[PDB]
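Number of protein chains: 2
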Amino acid sequence: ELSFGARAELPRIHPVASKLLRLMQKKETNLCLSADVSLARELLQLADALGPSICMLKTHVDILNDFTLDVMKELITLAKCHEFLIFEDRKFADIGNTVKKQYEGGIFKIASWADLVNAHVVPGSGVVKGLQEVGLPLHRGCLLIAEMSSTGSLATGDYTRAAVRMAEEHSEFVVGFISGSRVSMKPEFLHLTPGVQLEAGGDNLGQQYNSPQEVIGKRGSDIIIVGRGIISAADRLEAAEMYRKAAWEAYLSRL
Amino acid sequence: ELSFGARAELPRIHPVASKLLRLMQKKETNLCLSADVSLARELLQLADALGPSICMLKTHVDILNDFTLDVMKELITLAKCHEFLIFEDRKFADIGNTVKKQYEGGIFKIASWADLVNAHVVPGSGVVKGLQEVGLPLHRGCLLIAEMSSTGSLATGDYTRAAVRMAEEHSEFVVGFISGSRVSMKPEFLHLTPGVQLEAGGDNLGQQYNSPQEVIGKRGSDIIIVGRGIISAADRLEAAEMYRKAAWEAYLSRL
Ligand SMILES: O=c1[nH]c(=O)n([C@H]2C[C@H](O)[C@@H](COP(=O)(O)O)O2)cc1I
Ligand SMILES: O=c1[nH]c(=O)n([C@H]2C[C@H](O)[C@@H](COP(=O)(O)O)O2)cc1I
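In order, the protein sequence lines correspond to chains B and A.
For the first sequence, PDB author numbering begins at 224 and goes up steadily by one.
For the second sequence, PDB author numbering begins at 224 and goes up steadily by one.
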């Protein structure tokens, strides 16, 4: 088992993952903020104030009521300044020819500013083949949804094993997974785990929480994705630090 | 076997499906046009010209380079004039509390203009439950993706069975399926099938095509979703009429 910093230097490491692994070690943060907000200003305020505590900011640019590409210009500014990756949670999940256009085009032009995006594997390997054609040119990485935190999730057993396989066979573009635990034995791949809170619980619509120590420590994931656990707190700065320190110590203990 | 007109009067049938099935019968079309264009003027020129030939227009708003809510207004006007339903192929595939926001809010405000939307079942029923909460107020309906057309598709066997159960258990809002064949024998559910062309073949990124006669005639589907088969033609109207006549005669032969 290697440190994040050692993993950033592996032969077969993808550059986007290496950049991420290096700033993870530098900042002592395996925390990804989920910024689920309705206003551009909200997003840029939060990113800036919490930037120092995170390795990655996960966006839903399709829930911004005042999206513009200038808003994402200013997001990249803050990303370069505080050193975090931008991860648009698009969950591309269609045939290759469609996801191509969705990734490069339309009003969002996701490929022009997202270091990472994710994709569901249900369509088969064409969803990644399609995304690759936009991603490789623009030096980007993708994450494959191998597991989900929601109750009734069908991403289990054979489905999970297919997501890993797909990943291993597209390593020039796929840098890791969305998962509830470590699912690949290859240290080149990242693991990011949503459904994370300090306290036991869920929400009213299928979400189920596990703690950072459980997820990073016992389940062997690398990064925790945390939204309401931080945004809904009174002190979002203090909240982000708690999750950072929890996930960071769990990682240290694991080494 | 019942006709679209009879099925539209079924006791346990959704207001949206009933509306759809009546205009199908009235207009003699079970063709959904997949308008995968990136200019609003071409979308509206196709909608206007091909309106009378179609029971439904399937959109990908997020690939339109010049989307405005005013464009959708004009699309709605054409849809009323020519009697077709608007279906946004958004493929909701996140947790319930997330998809609610993507469905209602943000720049696209899909719920305000889309008669139907679709969702993947991989997250568990929470995804349907989240969408339901927004759509039921507005009398919308939802299609669940039970099978896919592309090579390597993991929407098979128990995954499909899962989508059927989830649909049946949420009939108040799920009006049917995106699938390759009839997967539900319950006549209140609509079956819609993409990966359709007249000629045998496929594309370079996993898309596989069967004919209207195979899909409607042998596999028992209701409606064909056809993109490039029409869009790539010089005369898109002649092509639409060709797909319409093929799919409609295939339907009449099942009775
Ligand atoms: O399997 C998943 N689970 C999940 O929670 N998300 C997203 C949805 C939400 O925006 C965030 C979870 O944040 P909370 O910590 O607020 O639940 O991660 C995405 C996937 I794929
Ligand atoms: O399983 C699927 N298969 C599929 O083909 N589409 C959509 C994607 C595209 O917009 C259209 C196919 O267009 P062609 O008929 O040009 O392949 O159907 C959606 C799903 I879910």
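Where is the CB? At the ideal position from N, CA and C, for every residue including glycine.
message: Per the DSSP calculation, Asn-433 of chain A is bridged to which residue(s)?
response: For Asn-433 of chain A, which the question treats as bridged, DSSP gives the partners A:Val-419.
task: Answer yes if the stretch 336-344 of chain A comes into contact with the stretch 295-314 of chain A, meaning at least three C-beta pairs across the two stretches below 8 Å, and no otherwise.
output: Touching, per the Cβ criterion.
field: chain B contact residues for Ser-261 of chain A, given Cβ-Cβ distances below 9 Å
entry: Within chain B, the residues near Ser-261 of chain A are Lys-324, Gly-328, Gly-329.
Straight-line Cα distance separating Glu-232 of chain B from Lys-468 of chain B: Counting only the Cα atoms, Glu-232 of chain B lies some 24 Å from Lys-468 of chain B.
message: For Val-406 of chain A and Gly-375 of chain A, what's the separation of their Cα atoms in angstroms?
response: Roughly 19 Å between the two C-alpha positions.
message: Considering only heavy atoms of ligand 2, does any lie closer than 7 Å to the CB of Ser-335 of chain B?
response: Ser-335 of chain B: no, Cβ never under 7 Å from ligand 2.
field: Proximal chain B residues relative to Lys-352 of chain A, where beta-carbon distance stays under 8 Å
entry: For the C-beta of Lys-352 of chain A, the chain B residues within less than 8 Å are, from N- to C-terminus, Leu-428, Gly-429.
- request: Spatial neighbours of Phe-227 of chain B within its chain, please: CB distance less than 6 Å, with the 5 preceding and 5 following residues excluded, ordered by chain position.
  value: Excluding residues within five positions, the ones whose Cβ falls inside 6 Å are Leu-244, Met-247, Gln-248.
Classification of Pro-435 of chain A by the beta-carbon crowding that lies within 10 angstroms, buried from 16 upward: Around the Cβ of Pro-435 of chain A, a 10 Å sphere holds 16 or more other Cβ atoms; the residue is buried.
message: I want to verify the contact list: residues of chain B whose CB lies under 8 Å from the CB of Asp-338 of chain A, in sequence order.
response: What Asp-338 of chain A touches in chain B: nothing, since even the nearest Cβ is about 20 Å away.
message: In the DSSP output, which residue or residues are listed as bridge partners for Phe-315 of chain A?
response: The partner list for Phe-315 of chain A (beta bridge, DSSP) reads A:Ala-342.
field: Rounded straight-line distance, which links the Cα of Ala-378 of chain B to that of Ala-385 of chain B
entry: Cα to Cα, the separation comes out at about 10 Å.
- prompt: ligand 2 heavy atoms versus the CB of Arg-477 of chain A: any closer than 7 Å?
  reply: Checking every heavy atom of ligand 2 against the Cβ of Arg-477 of chain A, none is found closer than 7 Å.
query: Given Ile-446 of chain B, which residues of its chain have a CB within under 6 Å of its CB, disregarding the five upstream and five downstream residues?
result: Correct list, in chain order: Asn-253, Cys-255, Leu-415.
message: DSSP three-state label for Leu-280 of chain B, please.
response: Note: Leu-280 of chain B maps to strand in three-state DSSP.
task: Could you spell out the range, first to last residue, of the beta strand (DSSP E) harbouring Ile-439 of chain B?
output: No beta strand (DSSP E) holds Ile-439 of chain B; DSSP gives it neither H nor E.
- prompt: For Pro-234 of chain B and chain A, any beta-carbon pair shorter than 8 Å?
  reply: For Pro-234 of chain B, the answer is no, since every Cβ of chain A falls outside 8 Å of its Cβ.
field: Three-way DSSP call (helix, strand, coil) for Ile-448 of chain B in this model
entry: Three-state DSSP puts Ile-448 of chain B in a strand.
task: Using a Cβ-Cβ cut-off of less than 7 Å, give me the residues of the stretch 285-316 of chain A that come near chain B, in sequence order.
output: Correct list: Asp-285, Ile-286, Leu-287, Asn-288, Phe-290, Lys-314, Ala-316.
query: Shortest alpha-carbon distance to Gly-429 of chain B belongs to which of A:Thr-291, A:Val-344, A:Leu-225?
result: The candidate whose alpha carbon is nearest that of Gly-429 of chain B is A:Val-344.
query: For the stretch 359-372 of chain B, which residues have a beta carbon sitting closer than 8 Å to at least one beta carbon of chain A?
result: Within the stretch 359-372 of chain B, the qualifying residues are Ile-368, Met-371, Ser-372.
task: Could you tell me which residues DSSP pairs with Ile-309 of chain A in its beta bridges?
output: In the DSSP assignment, the residues bridged to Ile-309 of chain A are A:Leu-280.
C-alpha gap between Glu-251 of chain B and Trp-471 of chain B, whole angstroms: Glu-251 of chain B and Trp-471 of chain B: Cα-Cα distance of roughly 6 Å.
message: Using CA atoms only, rank isn't needed, just tell me which of B:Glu-464, B:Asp-312, B:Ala-342 is closest to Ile-368 of chain B.
response: If we check each option's Cα against that of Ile-368 of chain B, B:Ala-342 comes out closest.
message: For a cutoff of 8 Å on Cβ pairs, would you count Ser-376 of chain B as touching chain A?
response: It does; some Cβ of chain A falls within 8 Å.
Local Cβ density within 10 Å of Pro-360 of chain B, reported as buried at 16 or more and exposed below that: Classification for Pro-360 of chain B: exposed.
task: Flag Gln-430 of chain B as yes when its Cβ comes closer than 7 Å to any non-hydrogen atom of ligand 1, and as no otherwise.
output: The closest heavy atom of ligand 1 lies less than 7 Å from the beta carbon of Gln-430 of chain B.
Of the listed residues B:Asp-458, B:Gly-403, B:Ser-261, B:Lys-242, nearest to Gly-380 of chain B (C-alpha basis): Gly-380 of chain B has its Cα closest to that of B:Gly-403, out of B:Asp-458, B:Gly-403, B:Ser-261, B:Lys-242.
task: Go ahead and label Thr-321 of chain B buried or exposed: buried means 16 or more other beta carbons lie within 10 angstroms of its beta carbon, across all protein chains shown.
output: Buried.
query: Which of helix, strand or coil does DSSP assign to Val-357 of chain A?
result: Here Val-357 of chain A sits in helix by DSSP.
query: Between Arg-459 of chain A and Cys-304 of chain A, what straight-line distance do the alpha-carbon atoms span, to the nearest angstrom?
result: Computed Cα separation, rounded: 19 Å.
- request: Quick one: using the 10 Å Cβ neighbour count with 16 as the cut-off for buried, is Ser-455 of chain A buried or exposed?
  value: Counting Cβ neighbours within 10 Å, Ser-455 of chain A comes out exposed, since fewer than 16 surround it.
field: Nearest-angstrom Cα separation, counted from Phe-400 of chain A out to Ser-241 of chain A
entry: Rounded to whole angstroms, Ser-241 of chain A to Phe-400 of chain A spans 15 Å at the Cα level.
task: May I have the straight-line CA-CA distance separating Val-449 of chain A from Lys-332 of chain B, to the nearest angstrom?
output: Approximately 25 Å between the Cα atoms of the pair.
- request: Give the single residue among A:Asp-426, A:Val-239, A:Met-465, A:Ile-299 whose Cα lies nearest to the Cα of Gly-349 of chain B.
  value: For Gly-349 of chain B, the nearest C-alpha among the options comes from A:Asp-426.
message: Less than 7 Å separating the Cβ of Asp-317 of chain B from some heavy atom of ligand 2?
response: Checking every heavy atom of ligand 2 against the Cβ of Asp-317 of chain B, one is found closer than 7 Å.
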